[PDB]
Amino acid sequence: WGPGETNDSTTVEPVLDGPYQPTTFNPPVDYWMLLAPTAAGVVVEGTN
Amino acid sequence: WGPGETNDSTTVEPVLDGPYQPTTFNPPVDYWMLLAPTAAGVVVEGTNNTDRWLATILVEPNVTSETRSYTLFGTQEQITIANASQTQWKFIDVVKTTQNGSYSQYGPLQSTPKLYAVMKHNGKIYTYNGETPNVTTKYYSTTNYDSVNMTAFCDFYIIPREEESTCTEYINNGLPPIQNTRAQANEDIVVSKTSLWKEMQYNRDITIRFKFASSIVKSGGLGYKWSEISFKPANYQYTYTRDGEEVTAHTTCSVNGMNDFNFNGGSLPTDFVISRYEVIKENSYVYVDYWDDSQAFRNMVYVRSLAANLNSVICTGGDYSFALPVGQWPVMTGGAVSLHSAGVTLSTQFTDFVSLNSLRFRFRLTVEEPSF
Amino acid sequence: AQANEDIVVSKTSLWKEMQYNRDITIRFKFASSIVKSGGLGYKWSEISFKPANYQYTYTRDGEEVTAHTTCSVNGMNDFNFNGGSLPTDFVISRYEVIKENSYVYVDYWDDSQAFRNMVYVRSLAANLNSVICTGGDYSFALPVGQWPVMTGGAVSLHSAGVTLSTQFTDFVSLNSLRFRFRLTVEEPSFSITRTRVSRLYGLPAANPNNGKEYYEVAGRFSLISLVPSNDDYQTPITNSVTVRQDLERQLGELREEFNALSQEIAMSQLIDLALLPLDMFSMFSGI
Amino acid sequence: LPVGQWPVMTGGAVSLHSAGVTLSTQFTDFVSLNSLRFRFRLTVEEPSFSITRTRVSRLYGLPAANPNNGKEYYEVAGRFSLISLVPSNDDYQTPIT
Amino acid sequence: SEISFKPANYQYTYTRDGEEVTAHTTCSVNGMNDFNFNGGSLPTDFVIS
C-alpha cells in the first residue's frame, strides 16, 4: 500500500520571455533588453 | 464494463479578449472595438488613408469651447472642443476626408465610465453614442470601410459582434469594477458461509486497437489564437477473431504527464499565438482502457496476477492546418513516439450493487525522429 | 504460441465472504505548485495543484492505526487572467480552480487488518460526512507596487463512491483505495485584489490548505470481501491441548470394591475355574 | 519477504516432563566423556502457534522457528540417583574413579 | 525449503552443595511433525516446503 495513478502536469518554458511589442517602460535592473528591428532608423531610446 | 477514471480538463475563457495595448492595426470585419482610455486627449483614430479619417477625443468635464493641440495621424493640429458636463466625460468624434482636408465635429457621448465603442460593418462605421443607461448606436457612411485601420493610443479590447449585448451593457456601465478591495467500535460479520474457489491462468491473444482524439478550443476574438490544443479520452470499438472465436472489444485512449508548450507570437490581435498545446515526451505515459466480452474478462473480477507481452508501436504526428483569416496558414506536423508496455492496471469502482472494472494498459514513451 | 491455453496454477481453495465495519477518519492536505515565468516576475506561469502526501496516526476501538493519505484533483478548471502584454503588467497564465465539474481524489491506506483483507473485495461503502475546504491568502510578490493577494474560495466535499486500483509490476501488486469526493460551490467567493477578476466560485490552488494542516472527514466504511478462512477445519485430527488421562481410583476404594465382590462367588464354579491353567492369554483376554 | 505484509510465527508451547535417563557419550576432539542422557516427553499447551498472512490458525505444538522465545536457556532442576560399582579388593580402600 | 530443528550445545556453571560445577549439555529432538505451507505454484506465493 498504496498510492495510485495521479494527475501530473509539467510546464516547459517557451525558451524566451516572448516577442514583446514597442512601448515605453523602465525595465528592472539586472535584466537585458534585446531589440530585433526589421527596418532601419531609430530602434531603442534610453532617457533618465 | 468498462471505462476507467480518465484525465479531464476544462478551459474557461477569461471573459474578454484581454487588454491589448495601444498599437496600430487593422481589425477585420464584424468585430466591435472597445476603448477605455486612462487620460484625456486623442484616444482612437481610424484611417483608410485615401478618403476617410476619423478620430475620438476624450474631454474632461467642464471644458469650454477651447482649442488644444492634438496629434492626428502624426500631425499636430489646434483642434477645438466644447463640453458642458459636470460629472461625466465627453467623447467627441472628429472627421475629415482628405490628407489636406478640413476637420469637422460629430457626436458626442457624455458618459461616466470613459468607455467608447467603434466598429466597421458592410460599408458603415458603427459607434455607440447617446446617454446612459439608455445608450444607442449610430452609423456613419463611407467607402472602402474594410480598408480603414483603427490605431488606438489607449488600451483597447476587441469583442465579437454576436455579443453586442455584452457590448451594450459595457457602455451602460464600465468594464467590470476593479473592486477596490482593502455506532462506534469495531464489528465484523460473516455475510456468507464458506465458499469454494479455484485459481486459473488464462493465456489469450490480445490485439488492442486504440485511436487518439484531439480537443481543439480556439480563443475568442479575431481568430488568430488557439486557447487549447489538448488530448481527449478517445473511445473506439471493433471486433476480431482468435482461435476461431469472434469477440467484440471496446477501447479508450488517454494520456498522462503531458507537457504543455505555450508558444507566443506577440500580443497583437493578428499574431499567431498558441496559448497552450500538449505534447507527450519521455516523462509522459499513454493509457489504454480495454475491455471485451470474452470468457477471460468475465473471469477477471478476482485477479491474482496479470502479465502482458505486447509489441511496440510508433505513432507519428499528422498534419493539422490553422485557418487564420489572413496571411499564411501555420501547419503542425512531425513527431514520432514509440510505445512500450510498462505494466497493466485493474481499476474497480463500486456503486450500490454494480461495479465498473477497467483494464488499463499503460505505455511509456520514447521520442524518435522525425521531429515535430 | 498462438491459439489459446489455460493451465490451473492451484487447485480448489477455500474462501469465505466477510463484512468488516470500521470507523475511518481520513485526513488530507493539498499541495500547490507555483511556477513563476522567467522574466521580470510580474507574470506567474502556473498556479496548479500537485499530489500531496501526508501521514498521521489515530486511535479507534483502543487500537492505534497509522494512515497515509495522498490528495489530488481531477477535472479542474483552468482560469487565466490576462492583465496586459507589458512586462510590468500582472498576468496569470494558468491557475486551476475546482468547481462542480471537478472531483478531488483522496488515496488512503493504513495498517489495519481490514486493508490486509481488502485484496479481493466484493463491495465497499463509505458513509462519510462533508467538509468545507476553504482557500487561504497568498501574496504575489511583484518587483514594485502593491502586492496582489488571492483570497477566498470554499467548496463542500461529498462522498461520490470509492475506487480500488491494482497495478501489477514484475510480480508485486500495488493496491490503492481512492475516496473520490465530488464538489459543491458555496460562499465565500474568491478573488484577487487589484484586478477585475472577482466573485468567482471555487477553491483556487493558491492556498487550498488555508493554514489548516489537514482537512478531516470521519465516518464508517463497510467492506464486504472474500478471505482465506477454513473455519478452523483444516487442522490436524489430533491438534489440541494434550488430552488429560483422568485419575482412576484410590486403591483403598478398589480394595473395598473387590472385598465386596468376594461374596458373589459360587463355590462349585470357583473350583471349576481353579483347575483351568490360566496362562497369560487366558487371563488377559477376558478383561 | 521484500513485498507486502511480513508473516509472523507466534505462539506454540510444549511442556517437557522427565521420562527416563540413561548413559550416553559425548565426543570431544581427543577424549570421550561419559554423560547422562535424559528423555523428556512433550505435552502440548494452550498457546497455539499461527502464521499471519496465511490460512493457518489454532495449530498446536512448538515450531522450530524460534522455540527459545528469546530465552538464553531452558532450565530443569532435579535430582539424579546413581549407584556405581567400583573395583575393590579390600574394605579400607575405595577408588575415587 | 526447510525450517527445522538442529541439536544445540550449551555450557554453564552452577552451585551444588557449595561446589561451583561446570556443566555441558547437548539438546536434540526426535519424532517431529513436518507441516508445510503451499501458497501456490507461482514463485510469488508464500511456500513453506
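The residue numbers of chain B are those assigned by Swiss-Prot, with the residues present covering 50-231, 248-437 sequentially.
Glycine residues also receive a Cβ, built from the backbone N, Cα and C atoms like all the rest.
The site 'Binding to sialic acid' annotation in Swiss-Prot covers B:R101, B:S190. The disulfide bond annotation in Swiss-Prot covers B:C203-B:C216, B:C318-B:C380. For B:389-409, the entry in Swiss-Prot reads region 'Hydrophobic'.
Positions of the features from Swiss-Prot, shown on the structure.
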| residue | record | DSSP (3 states) |
| --- | --- | --- |
| B:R101 | site 'Binding to sialic acid' | coil |
| B:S190 | site 'Binding to sialic acid' | strand |
| B:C203 | disulfide bond | coil |
| B:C216 | disulfide bond | helix |
| B:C318 | disulfide bond | strand |
| B:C380 | disulfide bond | strand |
Within 10 Å of the Cβ of B:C380 (disulfide bond), how many other Cβ atoms can be counted across all chains shown? 16
How long is the line from the C-alpha of B:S190 (site 'Binding to sialic acid') to the C-alpha of B:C318 (disulfide bond), rounded to the nearest angstrom? 56
What count of other C-beta atoms do you get within 10 angstroms of the C-beta of B:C318 (disulfide bond), across all chains shown? 23
Cβ-Cβ distance under 8 Å to B:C203 (disulfide bond), same chain, at least six residues away: B:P71, B:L84, B:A85, B:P86, B:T87, B:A88, B:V92, B:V93
B:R101 (site 'Binding to sialic acid'): which of the disulfide-bonded residues B:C216, B:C318, B:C380 is the nearest Cα neighbour? B:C216
In angstrom units, rounded to an integer, how far apart are the Cα atoms of B:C380 (disulfide bond) and B:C216 (disulfide bond)? 46
Those residues of the chain, 6+ apart, with a Cβ under 8 Å from that of B:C216 (disulfide bond): B:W81, B:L83, B:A166, B:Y177, B:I208
Using DSSP, break the region 'Hydrophobic' (B:389-409) down into helix, strand and coil residues and give each count. 0 helix, 11 strand, 10 coil
Across all protein chains shown, the one of the recorded sites B:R101, B:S190 with the most other Cβ atoms within 10 Å of its Cβ is B:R101
